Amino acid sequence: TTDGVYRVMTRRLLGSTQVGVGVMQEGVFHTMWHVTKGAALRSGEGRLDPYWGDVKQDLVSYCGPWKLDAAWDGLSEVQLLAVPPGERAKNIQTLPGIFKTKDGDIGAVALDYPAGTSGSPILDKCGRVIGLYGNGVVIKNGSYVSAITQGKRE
């Protein structure tokens, strides 16, 4: 349960596949619902069980409630700490755009990575996780734009 960013892997008959990424903070593992669908996660010799989740937000937490509460300030550049399959973690700085919805504006990053990068954290200048990468849209030219998806710390 050590703090940090983690790959989410599946092993079948021979070899592993990276299906996503997540954040360990305050003893809770945070990822996007579509990465695990709530399946239990092996961590070393231990097992992490789903505690909370929401399909519409596309989020899930393990071991306890959602802990990430930093918010994009609507103004500043952010960094995607991308953890792509088969590649070392790397920071990519960007100025978010906006998903304008009937329920308010959501920051959104125009950065395109493999599906198994889902759950990679998006950071503010203090290194706080302001959301997770990977629930988004494909625009007319084929490019991808991800919401900065953040949960509520109850």
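A residue's number is simply how far along the shown sequence it sits, counting from 1.
- When 57-65 is weighed against 99-107, 99-107 comes out higher, by mean CA B-factor as recorded in the entry.
- The PDB entry reports B-factors from which the mean C-alpha value can be compared for 30-38 and 47-55; the larger average falls on 47-55.
- When the C-alpha B factors of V145, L13, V23, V19 are read from the deposited coordinates, the top value falls at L13.
- Annotation for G127: C-alpha temperature factor in the highest third relative to the rest of the modelled chain, per the entry.
- Residue-level temperature factors show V83 in the lowest third of its chain, judged at the C-alpha atom.
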